[PDB]
Amino acid sequence: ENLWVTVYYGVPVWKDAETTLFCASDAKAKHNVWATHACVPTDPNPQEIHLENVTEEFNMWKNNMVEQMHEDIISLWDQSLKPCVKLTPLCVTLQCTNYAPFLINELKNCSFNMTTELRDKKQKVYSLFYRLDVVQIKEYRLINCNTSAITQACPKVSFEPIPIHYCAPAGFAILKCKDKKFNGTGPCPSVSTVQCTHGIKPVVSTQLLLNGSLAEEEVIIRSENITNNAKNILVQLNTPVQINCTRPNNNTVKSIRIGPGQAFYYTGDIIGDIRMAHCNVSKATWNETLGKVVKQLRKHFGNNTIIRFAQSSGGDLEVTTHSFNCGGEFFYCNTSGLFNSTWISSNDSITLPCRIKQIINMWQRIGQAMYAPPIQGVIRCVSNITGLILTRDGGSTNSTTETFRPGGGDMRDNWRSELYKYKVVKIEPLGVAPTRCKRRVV
Amino acid sequence: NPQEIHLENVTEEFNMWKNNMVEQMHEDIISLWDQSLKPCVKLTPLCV
Amino acid sequence: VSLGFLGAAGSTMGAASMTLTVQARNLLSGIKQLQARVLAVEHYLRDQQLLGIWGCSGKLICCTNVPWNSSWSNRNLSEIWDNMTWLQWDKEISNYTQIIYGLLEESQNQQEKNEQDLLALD
Amino acid sequence: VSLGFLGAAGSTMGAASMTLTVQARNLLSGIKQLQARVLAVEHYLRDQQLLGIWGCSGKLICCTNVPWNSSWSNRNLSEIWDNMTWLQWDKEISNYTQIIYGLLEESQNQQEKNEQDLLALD
Amino acid sequence: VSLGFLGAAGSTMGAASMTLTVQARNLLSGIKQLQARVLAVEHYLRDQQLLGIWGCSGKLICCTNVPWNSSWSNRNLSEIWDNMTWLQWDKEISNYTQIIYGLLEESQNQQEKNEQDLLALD
Ligand SMILES: *[C@@H]1O[C@H](CO)[C@@H](O[C@@H]2O[C@H](CO)[C@@H](O[C@@H]3O[C@H](CO[C@H]4O[C@H](CO)[C@@H](O)[C@H](O)[C@@H]4O)[C@@H](O)[C@H](O[C@H]4O[C@H](CO)[C@@H](O)[C@H](O)[C@@H]4O[C@H]4O[C@H](CO)[C@@H](O)[C@H](O)[C@@H]4O[C@H]4O[C@H](CO)[C@@H](O)[C@H](O)[C@@H]4O)[C@@H]3O)[C@H](O)[C@H]2NC(C)=O)[C@H](O)[C@H]1NC(C)=O
Ligand SMILES: *[C@@H]1O[C@H](CO)[C@@H](O[C@@H]2O[C@H](CO)[C@@H](O[C@@H]3O[C@H](CO)[C@@H](O)[C@H](O[C@H]4O[C@H](CO)[C@@H](O)[C@H](O)[C@@H]4O[C@H]4O[C@H](CO)[C@@H](O)[C@H](O)[C@@H]4O)[C@@H]3O)[C@H](O)[C@H]2NC(C)=O)[C@H](O)[C@H]1NC(C)=O
Ligand SMILES: *[C@@H]1O[C@H](CO)[C@@H](O[C@@H]2O[C@H](CO)[C@@H](O[C@@H]3O[C@H](CO)[C@@H](O)[C@H](O[C@H]4O[C@H](CO)[C@@H](O)[C@H](O)[C@@H]4O)[C@@H]3O)[C@H](O)[C@H]2NC(C)=O)[C@H](O)[C@H]1NC(C)=O
Ligand SMILES: *[C@@H]1O[C@H](CO)[C@@H](O[C@@H]2O[C@H](CO)[C@@H](O[C@@H]3O[C@H](CO)[C@@H](O)[C@H](O[C@H]4O[C@H](CO)[C@@H](O)[C@H](O)[C@@H]4O)[C@@H]3O)[C@H](O)[C@H]2NC(C)=O)[C@H](O)[C@H]1NC(C)=O
Ligand SMILES: *[C@@H]1O[C@H](CO)[C@@H](O[C@@H]2O[C@H](CO)[C@@H](O)[C@H](O)[C@H]2NC(C)=O)[C@H](O)[C@H]1NC(C)=O
Ligand SMILES: *[C@@H]1O[C@H](CO)[C@@H](O[C@@H]2O[C@H](CO)[C@@H](O)[C@H](O)[C@H]2NC(C)=O)[C@H](O)[C@H]1NC(C)=O
Ligand SMILES: *[C@@H]1O[C@H](CO)[C@@H](O[C@@H]2O[C@H](CO)[C@@H](O)[C@H](O)[C@H]2NC(C)=O)[C@H](O)[C@H]1NC(C)=O
Ligand SMILES: *[C@@H]1O[C@H](CO)[C@@H](O[C@@H]2O[C@H](CO)[C@@H](O)[C@H](O)[C@H]2NC(C)=O)[C@H](O)[C@H]1NC(C)=O
Ligand SMILES: *[C@@H]1O[C@H](CO)[C@@H](O)[C@H](O)[C@H]1NC(C)=O
Ligand SMILES: *[C@@H]1O[C@H](CO)[C@@H](O)[C@H](O)[C@H]1NC(C)=O
Ligand SMILES: *[C@@H]1O[C@H](CO)[C@@H](O)[C@H](O)[C@H]1NC(C)=O
Ligand SMILES: *[C@@H]1O[C@H](CO)[C@@H](O)[C@H](O)[C@H]1NC(C)=O
Ligand SMILES: *[C@@H]1O[C@H](CO)[C@@H](O)[C@H](O)[C@H]1NC(C)=O
Ligand SMILES: *[C@@H]1O[C@H](CO)[C@@H](O)[C@H](O)[C@H]1NC(C)=O
Ligand SMILES: *[C@@H]1O[C@H](CO)[C@@H](O)[C@H](O)[C@H]1NC(C)=O
Ligand SMILES: *[C@@H]1O[C@H](CO)[C@@H](O)[C@H](O)[C@H]1NC(C)=O
Ligand SMILES: *[C@@H]1O[C@H](CO)[C@@H](O)[C@H](O)[C@H]1NC(C)=O
Ligand SMILES: *[C@@H]1O[C@H](CO)[C@@H](O)[C@H](O)[C@H]1NC(C)=O
């Protein structure tokens with residue numbers, strides 16, 4: 001009946017905390033932007049420890065791991081651009097003609113002067129540009145030269161995203177929600193703890209999410225304010241749809257030296273046919289997937305309400321299109337074929353047009369732009385569509401109609417798609433509790 | 001004053017060829033060279 | 001049973017108190033990494049600092065001379081140790097941890113050592 | 001005699017065990033330097049961490065409750081302490097140090113404290 | 001009275017010795033900051049290192065086996081503890097602190113543990 005406080009060191013106690021995480025990935029054989037020269041190798045085996053009886057609240061939208069990853073991708077991009085060749089002298093006036101035998105189709109053959117390696121001497125060379133990179137005043141100029149400076153991506157580096165593990169330091173920990181039907185924030189009954197997350201591929205993408213992790217059981221709808229239209233809508237598929245993306249054009253590259261050491265790689269004349277880049281999607285599987293999504297969608301809008309799908313109708317060219325990277329080239333796909341539907345109460349694979357741009361400012365970056373060097377040979381990448389990003393048209397009249405447009409307003413949403421399950425906490429191992437014990441009297 | 005302490009009876013295997021102090025020093029001289037070049041005058045216009 | 005790091009986070013405080021070594025092991029073991037490693041040893045040394053001023057440096061558990069003021073919690077032994085988790089306990093005793101820590105260094109260690117000097121003075 | 005830091009690395013384990021303070025002193029005392037200093041305090045705190053979970057924080061030597069399993073080494077007192085160096089000993093006991101450390105925190109300290117709670121419970 | 005961090009810097013050594021916890025609390029708690037934080041934990045761990053080799057890790061005060069050589073200071077108990085401040089004392093004992101620290105690890109701890117092995121050897 002006489003109680004005295006007792007110190008316990010190493011008690012299972014944690015608090016919500018934001019700390020600086022770090023990278024981790026298994027060692028491979030080069031030089032990709034994300035791995036850099038060095039990122040700590042992963043443990044051969046991670047120890048994922050289930051925590052019985054433990055219920056913790058998760059919030060994917062107020063999560064700081066997202067903001068950290070966002071700034072990390074941006075900063076990594078700039079760290080990779082510094083040593084490469086900056087194309088400040090490439091803002092010379094371009095004398096351009098259309099290709100010339102265009103039956104039904106844009107890309108333009110241009111000629112221009114260029115500084116050689118000697119300052120004083122000049123060369124007249126020619127290059128082929130996809131007409132998104134140039135604008136007129138036949139005289140032309142690069143799109144970027146009035147907005148920002150430009151630098152050329154080094155040829156060696158690869159833009160092929162590899163799994164990255166985010167780790168928290170000792171004394172902190174990561175909680176992982178394993179609740180299958182987890183609707184995007186809330187209490188997670190089944191929670192396990194790890195020091196590092198699983199391999200998250202930093203896939204740079206717009207509208208549809210590519211090569212990601214699939215939700216088990218039902219497809220999952222994650223938002224921040226479901227009745228609100230301004231906030232985007234995250235979709236995680238249970239079945240991945242397969243999408244085959246190719247640039248058929250036989251691109252040949254030449255190397256012109258523009259200064260001491262500096263060497264620009266330019267798109268030579270195409271050899272063979274002129275075909276436009278495209279992406280195929282099995283209409284059957286995409287119709288099943290679209291069906292299953294609207295089944296889970298109607299759980300939030302009453303039950304036989306009219307759910308239609310329309311195209312993107314807002315914003316710049318770089319945001320309205322499914323932008324991504326494939327083999328080196330940057331694809332801007334028009335996704336009108338998929339989102340042209342209405343829902344109430346042979347192979348036939350859909351085909352999607354894709355244009356190509358070599359000058360790019362991703363993540364709303366105004367400032368130092370990048371020139372994607374031309375890629376030799378025909379390109380073909382097979383990818384998974386594991387998620388989606390949707391947006392409403394506005395306050396709908398509520399049980400009257402529901403029209404959906406795909407968006408990609410912000411790039412963090414892509415990190416939220418794979419970091420929805422993880423949360424960072426700090427261990428407070430000091431607990432004091434009363435027992436009927438006293439220390440030896442002085 | 002450094003304290004060089006003799007270790008009686010102690011026999012250790014050395015390998016000068018698999019030594020990492022060499023690789024460290026190598027990268028240090030290279031990196032130091034570049035750190036010293038940055039602030040100085042770059043003669044890009046001298047290729048006339 | 002050994003359930004692992006934080007294995008008994010959701011068990012009763014009495015059951016969890018048996019596996020303090022489990023949480024104790026992993027509790028200690030370029031720029032981002034380095035700053036993180038410094039933060040880790042900094043937090044660890046803070047807790048070891050508090051155990052120091054409470055005279056409990058080498059032990060995981062130690063008993064004190066501070067009596068339990070009933071205003072802190074009105075529960076008993078059985079209700080605390082066989083019905084609650086350390087998490088919800090730390091939440092209930094989140095208004096006093098500063099206060100209890102201050103009494104913990106002062107009431108005993110700030111008077112255990114003075115009496116120690118006056119006692120070993122012969 | 002004081003032979004200095006690591007002076008008895010090549011002496012018998014018994015002779016070397018007398019000068020543990022010698023190795024203990026120097027064991028703790030821009031970017032390259034800073035990263036090196038952090039690594040140093042990190043390793044030192046790791047060993048002090050292991051001494052902590054073995055209940056031996058303030059001492060250089062402490063005795064244990066773990067019996068010596070003869071599978072580890074078949075030598076005796078005289079053969080270990082008057083014929084071998086700590087180096088070749090650590091090489092012979094390099095398959096068990098992990099195992100012995102696990103038994104060292106669990107067999108005694110993970111049961112010394114439970115019995116301590118059940119004993120000081122009156 | 002609690003006067004605060006360094007409150008009794010200008011009081012007598014005896015009065016100041018009562019509030020060692022006060023100086024002990026705040027004694028532990030981008031590039032410039034990080035280098036400063038490392039320097040702080042480095043100095044703190046140095047002093048804790050010295051307390052370690054003197055067998056006084058968990059205590060603020062501990063008594064020793066080293067006798068007071070009168071060549072160090074010719075003062076007495078009353079003159080030291082009731083007439084001087086720790087500052088002017090540390091200035092008077094600034095020629096021996098190295099010497100006294102060496103005797104402090106060797107005279108006792110370097111012989112307390114050897115005798116401990118020869119005593120617990122049965
Ligand atoms: C979703 O996930 C899927 C699954 O991972 C992704 O699909 C994969 O995408 C990969 C990258 O997008 C793609 O990888 C490429 O495959 C090409 C063909 O592979 C064939 O050869 C390899 C052996 O090398 C075989 O194992 C394989 O079976 C095939 O037969 C490779 O050629 C590609 O490597 C080249 O490109 C990368 C950049 O991506 C460079 O880093 C690399 O060095 C290669 O580039 C050299 O070779 C080309 C050849 O034309 C040259 O043009 C170029 O200039 C380079 O040449 C220089 O360097 C070499 C070497 O140093 C030197 O000798 C030479 O002289 C030059 O200096 C690349 O590996 C996968 O094939 C594809 N998976 C499948 C199953 O198809 C999908 O992308 C993901 N989704 C998204 C959105 O990312
Ligand atoms: C650097 O250069 C690049 C390329 O050279 C610039 O990118 C172009 O920027 C211009 C203008 O900044 C932009 O032209 C406008 O595009 C809009 C969207 O497509 C059009 O809606 C707009 O049309 C209106 O303005 C015209 C006059 O310029 C009118 O003739 C026309 O009728 C439109 O006016 C109607 O609408 C307005 C607004 O509602 C209303 O007030 C009027 O009363 C009227 O009803 C322009 O055509 C190009 O689209 C950009 N080019 C590309 C390829 O994207 C870049 O902006 C420059 N950098 C900087 C920093 O300025
Ligand atoms: C895109 O534009 C670029 C411009 O830099 C263009 O490159 C040039 O195309 C012209 C096409 O006329 C090439 O000129 C030809 O060169 C060949 C070989 O030297 C000549 O034999 C040709 O002469 C014949 O055609 C004339 C037409 O009037 C006749 O008068 C004459 O009698 C001959 O029958 C002609 O002069 C020129 O060589 C290239 N330049 C380079 C550097 O290669 C490119 O071809 C355009 N893209 C496409 C798809 O056409
Ligand atoms: C995109 O366009 C380019 C054109 O710039 C094209 O490159 C050409 O591809 C073919 C291969 O399909 C190359 O032909 C080979 O070249 C090598 C090296 O010179 C030769 O050794 C080869 O000889 C073999 O084949 C002969 C057939 O008669 C045999 O007689 C001989 O014994 C050998 O077995 C062969 O000629 C050609 O050199 C390149 N051209 C250039 C300029 O690089 C490329 O194929 C197109 N891309 C794609 C993906 O198709
Ligand atoms: C996911 O679904 C859960 C239902 O289990 C939502 O949680 C409720 O949200 C409403 C507001 O929409 C709150 O008033 C309730 O307090 C919540 N209920 C419980 C039991 O926590 C959650 O909001 C949904 N998430 C999203 C993004 O819509
Ligand atoms: C794209 O989706 C396919 C399934 O449609 C994935 O193929 C499966 O990959 C898993 C590994 O995660 C294997 O266990 C399965 O056996 C594969 N399926 C079949 C039918 O063989 C493929 O990995 C996905 N691609 C990604 C995520 O890049
Ligand atoms: C994307 O490409 C893959 C492989 O190139 C296609 O898979 C082929 O599908 C047909 C049946 O439709 C099979 O006969 C082939 O055996 C498959 N190929 C392989 C290598 O297994 C897939 O159908 C393509 N997707 C689309 C939408 O066209
Ligand atoms: C993507 O493709 C669609 C075709 O479905 C294009 O939509 C047309 O846009 C024009 C105005 O630009 C309208 O007058 C037509 O009625 C639309 N077509 C249909 C069938 O409705 C769309 O412009 C393309 N998007 C981009 C960015 O090129
Ligand atoms: C190259 O420079 C000359 C001036 O010496 C100019 O006449 C010519 O038009 C330039 N080349 C092109 C393709 O415009
Ligand atoms: C979010 O939804 C609630 C639900 O009624 C609404 O009251 C609130 O205004 C919405 N917030 C925003 C920012 O639109
Ligand atoms: C909507 O349909 C689902 C599935 O059949 C059913 O569980 C639910 O009760 C329906 N909602 C209403 C309001 O009728
Ligand atoms: C796509 O939209 C257009 C415009 O209304 C329409 O003519 C076409 O039938 C739609 N395609 C499909 C597959 O519904
Ligand atoms: C216990 O808490 C009460 C708050 O009502 C306070 O007045 C009292 O001084 C405390 N008692 C002790 C012994 O600290
Ligand atoms: C902590 O203090 C606040 C305000 O003084 C009070 O609302 C809260 O209930 C207190 N916590 C507990 C566990 O009593
Ligand atoms: C000693 O080692 C043997 C290996 O043969 C093992 O089977 C046994 O359990 C160990 N004994 C103890 C008491 O740990
Ligand atoms: C350690 O284990 C390996 C393989 O199990 C064995 O070859 C080696 O002899 C062992 N070490 C000792 C000292 O027995
Ligand atoms: C005390 O100091 C004197 C200096 O005159 C020295 O000779 C003597 O050895 C010291 N005594 C002890 C016991 O250390
Ligand atoms: C310390 O030594 C120097 C020179 O040996 C001497 O001048 C000084 O007085 C000494 N300090 C004390 C307190 O005696």
# chains A, B, ... in the order shown; residues from 1 in each chain; ligands from 1

$ residues_near_ligand --ligand "ligand 11" --cutoff "12 Å" --atoms "only C-alpha atoms and all ligand atoms" --output "VMD selection string"
chain A and resid 294 to 305 345 399

$ write_last_selection --atoms "N, CA and C atoms" --output "compact mmCIF listing (two decimals), in the first residue's frame"
# COMPACT_ATOMS: atom_id res chain seq x y z
N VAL A 294 -15.47 0.97 -60.69
CA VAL A 294 -16.75 1.62 -60.46
C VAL A 294 -17.60 0.88 -59.43
N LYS A 295 -17.38 -0.42 -59.25
CA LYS A 295 -18.06 -1.15 -58.19
C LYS A 295 -17.66 -0.61 -56.82
N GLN A 296 -16.36 -0.44 -56.62
CA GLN A 296 -15.85 0.13 -55.38
C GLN A 296 -16.09 1.64 -55.31
N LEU A 297 -16.26 2.29 -56.46
CA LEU A 297 -16.53 3.72 -56.45
C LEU A 297 -17.93 4.04 -55.90
N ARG A 298 -18.91 3.26 -56.32
CA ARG A 298 -20.30 3.54 -55.92
C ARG A 298 -20.55 3.36 -54.41
N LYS A 299 -19.56 2.80 -53.69
CA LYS A 299 -19.67 2.70 -52.24
C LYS A 299 -19.71 4.08 -51.57
N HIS A 300 -19.38 5.14 -52.30
CA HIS A 300 -19.27 6.46 -51.72
C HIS A 300 -20.21 7.48 -52.37
N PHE A 301 -21.07 7.04 -53.28
CA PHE A 301 -21.91 8.01 -54.00
C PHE A 301 -23.35 7.54 -54.17
N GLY A 302 -23.86 6.73 -53.24
CA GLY A 302 -25.13 6.07 -53.49
C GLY A 302 -25.04 5.25 -54.80
N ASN A 303 -26.02 4.38 -54.92
CA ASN A 303 -25.94 3.07 -55.66
C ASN A 303 -26.20 2.75 -57.10
N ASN A 304 -27.08 3.46 -57.79
CA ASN A 304 -27.21 3.35 -59.25
C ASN A 304 -26.90 4.66 -60.02
N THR A 305 -26.20 5.56 -59.33
CA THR A 305 -25.89 6.88 -59.84
C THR A 305 -25.04 6.76 -61.10
N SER A 345 -26.67 1.62 -63.53
CA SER A 345 -27.35 0.43 -62.97
C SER A 345 -26.36 -0.61 -62.47
N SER A 399 -26.23 12.16 -56.78
CA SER A 399 -27.19 11.14 -57.24
C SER A 399 -27.76 11.44 -58.63

$ select_by_dssp --residues "range 32-100 of chain C" --states "strand (DSSP E)" --output "list in words"
residues 61, 62, 63, 64, 65, 66 and 67 of chain C

$ write_last_selection --atoms "N, CA, C and O atoms" --output "PDB file, in the first residue's frame"
ATOM      1  N   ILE C  61      16.024  -1.707 -14.796  1.00  0.00           N
ATOM      2  CA  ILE C  61      14.989  -1.380 -13.832  1.00  0.00           C
ATOM      3  C   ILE C  61      15.715  -0.950 -12.559  1.00  0.00           C
ATOM      4  O   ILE C  61      16.759  -1.516 -12.176  1.00  0.00           O
ATOM      5  N   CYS C  62      15.189   0.051 -11.921  1.00  0.00           N
ATOM      6  CA  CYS C  62      15.650   0.422 -10.579  1.00  0.00           C
ATOM      7  C   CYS C  62      14.508   1.007  -9.840  1.00  0.00           C
ATOM      8  O   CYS C  62      13.678   1.733 -10.381  1.00  0.00           O
ATOM      9  N   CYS C  63      14.511   0.806  -8.517  1.00  0.00           N
ATOM     10  CA  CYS C  63      13.484   1.332  -7.618  1.00  0.00           C
ATOM     11  C   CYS C  63      13.931   2.679  -7.053  1.00  0.00           C
ATOM     12  O   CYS C  63      15.113   3.018  -7.038  1.00  0.00           O
ATOM     13  N   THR C  64      12.959   3.450  -6.637  1.00  0.00           N
ATOM     14  CA  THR C  64      13.183   4.844  -6.241  1.00  0.00           C
ATOM     15  C   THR C  64      12.703   5.115  -4.821  1.00  0.00           C
ATOM     16  O   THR C  64      12.129   4.256  -4.179  1.00  0.00           O
ATOM     17  N   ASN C  65      12.955   6.327  -4.337  1.00  0.00           N
ATOM     18  CA  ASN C  65      12.419   6.807  -3.071  1.00  0.00           C
ATOM     19  C   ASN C  65      11.209   7.723  -3.215  1.00  0.00           C
ATOM     20  O   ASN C  65      10.539   8.031  -2.239  1.00  0.00           O
ATOM     21  N   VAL C  66      10.890   8.144  -4.433  1.00  0.00           N
ATOM     22  CA  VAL C  66       9.733   8.985  -4.714  1.00  0.00           C
ATOM     23  C   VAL C  66       8.438   8.183  -4.515  1.00  0.00           C
ATOM     24  O   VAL C  66       8.225   7.160  -5.171  1.00  0.00           O
ATOM     25  N   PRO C  67       7.555   8.653  -3.617  1.00  0.00           N
ATOM     26  CA  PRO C  67       6.247   8.007  -3.497  1.00  0.00           C
ATOM     27  C   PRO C  67       5.331   8.359  -4.658  1.00  0.00           C
ATOM     28  O   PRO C  67       5.449   9.408  -5.262  1.00  0.00           O
TER      29      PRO C  67
END

$ atom_distance --atom1 "CA of residue 101 in chain E" --atom2 "CA of residue 111 in chain C"
27.3 Å

$ interface_residues --of "chain C" --to "chain E" --cutoff "10 Å" --atoms "only C-alpha atoms" --output "PyMOL selection string"
chain C and resi 31+34-35+38-39+41-43+45-46+49-59+105-106+109-111+113-117+120

$ residues_near_ligand --ligand "ligand 4" --cutoff "8 Å" --atoms "only C-alpha atoms and all ligand atoms" --output "list in words"
residues 250, 251, 252, 270, 271, 272, 376, 377 and 378 of chain A

$ residues_near_ligand --ligand "ligand 3" --cutoff "12 Å" --atoms "only C-alpha atoms and all ligand atoms" --output "JSON, numbers by chain"
{"A": [94, 95, 96, 97, 98, 99, 100, 101, 102, 106, 107, 108, 109, 110, 111, 112, 113, 123, 124, 125, 126, 127, 128, 129, 138, 268, 269, 270, 271, 272, 273, 274]}

$ residues_near_ligand --ligand "ligand 2" --cutoff "9 Å" --atoms "only C-alpha atoms and all ligand atoms" --output "PyMOL selection string"
chain A and resi 132-137+141-148+316-317

$ residues_around --residues "range 14-28 of chain A" --least-positions-apart "2" --cutoff "6 Å" --atoms "only C-alpha atoms" --output "list in words"
residues 39, 40, 41, 42, 164, 165, 166, 167, 168, 425, 426, 427 and 428 of chain A; 32 and 33 of chain C

$ write_last_selection --atoms "N, CA and C atoms" --output "PDB file, in the first residue's frame"
ATOM      1  N   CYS A  39      24.883   3.914 -52.362  1.00  0.00           N
ATOM      2  CA  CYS A  39      23.763   3.917 -51.431  1.00  0.00           C
ATOM      3  C   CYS A  39      23.859   2.614 -50.623  1.00  0.00           C
ATOM      4  N   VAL A  40      23.656   2.738 -49.315  1.00  0.00           N
ATOM      5  CA  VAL A  40      24.022   1.675 -48.373  1.00  0.00           C
ATOM      6  C   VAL A  40      23.361   0.366 -48.828  1.00  0.00           C
ATOM      7  N   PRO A  41      24.119  -0.744 -48.906  1.00  0.00           N
ATOM      8  CA  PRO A  41      23.501  -2.001 -49.283  1.00  0.00           C
ATOM      9  C   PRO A  41      22.491  -2.501 -48.248  1.00  0.00           C
ATOM     10  N   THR A  42      21.426  -3.132 -48.718  1.00  0.00           N
ATOM     11  CA  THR A  42      20.411  -3.630 -47.812  1.00  0.00           C
ATOM     12  C   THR A  42      20.964  -4.824 -47.035  1.00  0.00           C
ATOM     13  N   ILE A 164      14.111   1.090 -54.270  1.00  0.00           N
ATOM     14  CA  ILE A 164      14.833   1.776 -53.227  1.00  0.00           C
ATOM     15  C   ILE A 164      14.128   1.537 -51.870  1.00  0.00           C
ATOM     16  N   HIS A 165      14.933   1.196 -50.887  1.00  0.00           N
ATOM     17  CA  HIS A 165      14.438   1.024 -49.517  1.00  0.00           C
ATOM     18  C   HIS A 165      14.720   2.296 -48.729  1.00  0.00           C
ATOM     19  N   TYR A 166      13.668   2.878 -48.175  1.00  0.00           N
ATOM     20  CA  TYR A 166      13.809   3.986 -47.205  1.00  0.00           C
ATOM     21  C   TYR A 166      14.011   3.436 -45.812  1.00  0.00           C
ATOM     22  N   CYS A 167      15.125   3.810 -45.174  1.00  0.00           N
ATOM     23  CA  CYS A 167      15.404   3.343 -43.795  1.00  0.00           C
ATOM     24  C   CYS A 167      15.407   4.505 -42.825  1.00  0.00           C
ATOM     25  N   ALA A 168      14.912   4.256 -41.615  1.00  0.00           N
ATOM     26  CA  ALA A 168      14.988   5.136 -40.461  1.00  0.00           C
ATOM     27  C   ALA A 168      16.181   4.738 -39.581  1.00  0.00           C
ATOM     28  N   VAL A 425       7.977   6.706 -36.517  1.00  0.00           N
ATOM     29  CA  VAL A 425       7.760   6.966 -35.088  1.00  0.00           C
ATOM     30  C   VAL A 425       9.106   6.874 -34.382  1.00  0.00           C
ATOM     31  N   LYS A 426       9.214   7.580 -33.262  1.00  0.00           N
ATOM     32  CA  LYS A 426      10.432   7.594 -32.457  1.00  0.00           C
ATOM     33  C   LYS A 426      10.189   6.812 -31.166  1.00  0.00           C
ATOM     34  N   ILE A 427      11.189   6.046 -30.746  1.00  0.00           N
ATOM     35  CA  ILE A 427      11.033   5.209 -29.560  1.00  0.00           C
ATOM     36  C   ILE A 427      11.341   6.050 -28.321  1.00  0.00           C
ATOM     37  N   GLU A 428      10.420   6.028 -27.364  1.00  0.00           N
ATOM     38  CA  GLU A 428      10.653   6.629 -26.042  1.00  0.00           C
ATOM     39  C   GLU A 428      10.816   5.508 -25.027  1.00  0.00           C
TER      40      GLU A 428
ATOM     41  N   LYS C  32      22.888  12.701 -45.314  1.00  0.00           N
ATOM     42  CA  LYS C  32      21.655  12.259 -44.664  1.00  0.00           C
ATOM     43  C   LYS C  32      21.925  11.147 -43.660  1.00  0.00           C
ATOM     44  N   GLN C  33      22.694  10.146 -44.081  1.00  0.00           N
ATOM     45  CA  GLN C  33      23.047   9.047 -43.171  1.00  0.00           C
ATOM     46  C   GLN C  33      23.799   9.557 -41.957  1.00  0.00           C
TER      47      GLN C  33
END

$ residues_near_ligand --ligand "ligand 8" --cutoff "12 Å" --atoms "only C-alpha atoms and all ligand atoms" --output "list in words"
residues 132, 310, 311, 312, 313, 314, 315, 316, 317, 318, 319, 320, 321, 322, 323, 332, 333, 334, 335, 336, 337, 338, 339, 340, 351, 352, 353, 354 and 355 of chain A

$ closest_residue --among "A:238, A:45, A:75, A:93" --to "ligand 9" --atoms "only C-alpha atoms and all ligand atoms"
A:93

$ closest_atom_pairs --of "chain A" --to "chain D" --cutoff "10 Å" --atoms "only C-alpha atoms" --output "tab-separated table"
residue	atom	partner	partner_atom	distance
A:435	CA	D:121	CA	7.5
A:436	CA	D:121	CA	6.1
A:437	CA	D:120	CA	5.9
A:438	CA	D:120	CA	8.1
A:439	CA	D:120	CA	9.3

$ decode --residues "range 78-83 of chain D" --atoms "N, CA and C atoms" --output "PDB file, in the first residue's frame"
ATOM      1  N   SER D  78      44.856 -23.407 -16.965  1.00  0.00           N
ATOM      2  CA  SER D  78      46.289 -23.236 -17.185  1.00  0.00           C
ATOM      3  C   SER D  78      46.616 -23.098 -18.679  1.00  0.00           C
ATOM      4  N   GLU D  79      45.942 -23.893 -19.488  1.00  0.00           N
ATOM      5  CA  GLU D  79      46.203 -23.886 -20.931  1.00  0.00           C
ATOM      6  C   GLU D  79      45.681 -22.609 -21.586  1.00  0.00           C
ATOM      7  N   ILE D  80      44.608 -22.053 -21.047  1.00  0.00           N
ATOM      8  CA  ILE D  80      44.022 -20.846 -21.658  1.00  0.00           C
ATOM      9  C   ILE D  80      44.855 -19.617 -21.261  1.00  0.00           C
ATOM     10  N   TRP D  81      45.067 -19.459 -19.971  1.00  0.00           N
ATOM     11  CA  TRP D  81      45.558 -18.222 -19.400  1.00  0.00           C
ATOM     12  C   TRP D  81      47.078 -18.122 -19.357  1.00  0.00           C
ATOM     13  N   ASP D  82      47.799 -19.232 -19.543  1.00  0.00           N
ATOM     14  CA  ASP D  82      49.247 -19.219 -19.438  1.00  0.00           C
ATOM     15  C   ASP D  82      49.937 -19.798 -20.673  1.00  0.00           C
ATOM     16  N   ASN D  83      49.241 -19.868 -21.793  1.00  0.00           N
ATOM     17  CA  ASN D  83      49.811 -20.476 -22.988  1.00  0.00           C
ATOM     18  C   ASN D  83      49.293 -19.826 -24.269  1.00  0.00           C
TER      19      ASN D  83
END
